[PDB]
Structure formats: C-alpha cells, structure tokens
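We begin with a single chain expressed as structure tokens, specifically the form deposited in one PDB entry.
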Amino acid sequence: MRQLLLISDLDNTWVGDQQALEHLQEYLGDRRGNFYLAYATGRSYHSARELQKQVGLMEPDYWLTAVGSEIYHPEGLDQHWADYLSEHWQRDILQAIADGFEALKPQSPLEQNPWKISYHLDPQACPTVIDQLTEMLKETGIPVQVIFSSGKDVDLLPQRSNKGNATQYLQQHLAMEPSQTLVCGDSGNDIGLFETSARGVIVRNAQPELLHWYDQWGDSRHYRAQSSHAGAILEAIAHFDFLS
C-alpha cells in the first residue's frame, strides 16, 4: 500500500559514506510511512544487526540477509522461504565438490548457513576457475547458483535463492509492483537484483563485475549513478521520480 519498495545492499552501497548515509536517512526519515525498506545484504542477520549499531542504520521493514538465503520479517525468520529454498537442495554434495578446488578456501563458519556455502578465491588463482566450478556444479543437477563478487567472494546458493528472487518474493508478499520498486547495489552479489524488473541503481563505487554486467544487460530501468554509496540512492530516487 506504500508508494515505494526500497531495497538496498549495505556495505559499499548504503553504508560507506557516513555523511551520505546520514542525509539519505534524514530525507527518508521525514516520509517514513511512504516506503517499505529492505536491506539485501550478503551478511548474516546477526552480522547485519551489528553493522546497524556501528553506523546507525535506520530500522528496515525486512532483512534479506545472506544474499537472500534468509528473510527476516519483524516477527522473525520466514519459515516458508526456508522450506522453499530447501527443496532439491543438497548442500553436502555441493560442498564436497567446491571443497575440492585448491584455489578455494572456505570462509568463516559463521558466513555459512543451511542454504549458503561460501568461499574465498585465491588472489593468485585464475578467475576462470569459477567458470569450471559453476559448470561442474550445474552438472550435478542440483539447482545451484554461483555468485562471485569483488573478484574474491564465492557463494553457492539454491537457484531459488538470490537477492533478486528474495526481492521478487517480497514484492509478492507486499503486493508491490516492479515499477514501485528500487534496487540498489555495488557488486556481483547484487546482480540478481538488476535481473529483476524493478527500477535499479548502480553506485559509482561499483565493482568491475557489476559494471561489466551493466554494459551487457543494462536496460532502461537501470541507472548508473554519478554518486557513490548512499548518495547514489538519493540520486536514484530523484531520477525515477519516487516519493513524488
């Protein structure tokens, strides 16, 4: 029932430029009831709450955490979404395969969850290995999704997961339209957002992979901001004429 569904990544997007984070929040603060806010981060829910304390993030209506792996409503984790992503998902097999790549080192155990297997690519390893991994995983027949961001982070998620699939899910839940939705991102784990038909903005401080994506798929609903971090969001809101 609100006019805007604002979805944004936290690190290097909403957070990063404290001054811009603050004037973006002061603005939205005076029209708080006109938009649903959702943070789509690659962080765990707990990691995200921590960050909120650090920079003073405004309380959102939803948390699309761990790259869309888990969705937290105000009353708690969405168990429907979890049972939805659990179908045909076989983490142990995908992990066995992934663990076999010498160039891949597992990320902290706390970066993992039932639907997210994450690693770090060796700075000296050839990126093309990611292609090999993807292909090998896809052939298992298990609906798997490979997310590579900052030329270093690798995430193995269910095909149904994604920041974008979570976003679409949310739009369904809130009965919001793509034309009423704005997605903001900076890296490869945000690509799923722009794959969505919502209005999207790419921050200037965006990672190579995302920019590359834009040069090939960048559509008219996708805006390349002049500003970086939170500033790109105010810029985008003025661009698509949201919160008229």
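So that there is no doubt, residue numbering starts at 1 and follows the sequence shown. Think of the rigid core as the biggest set of C-alphas that the two forms share within 1.5 Å after superposition. Shifts are known only where both forms have a C-alpha.
What comes next is about the form deposited in another entry, which does not appear here.
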* Using a superposition on the rigid core, decide whether the Cα position of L121 changes by 2 angstroms or more between this form and the one not shown. => yes
* State yes or no: after fitting on the rigid core, is the Cα displacement of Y169 between this form and the one not shown at least 2 Å? => no
* Superposing on the rigid core, where do three or more consecutive Cα atoms all move 2 Å or more between this form and the one not shown? -> 78-80, 85-162
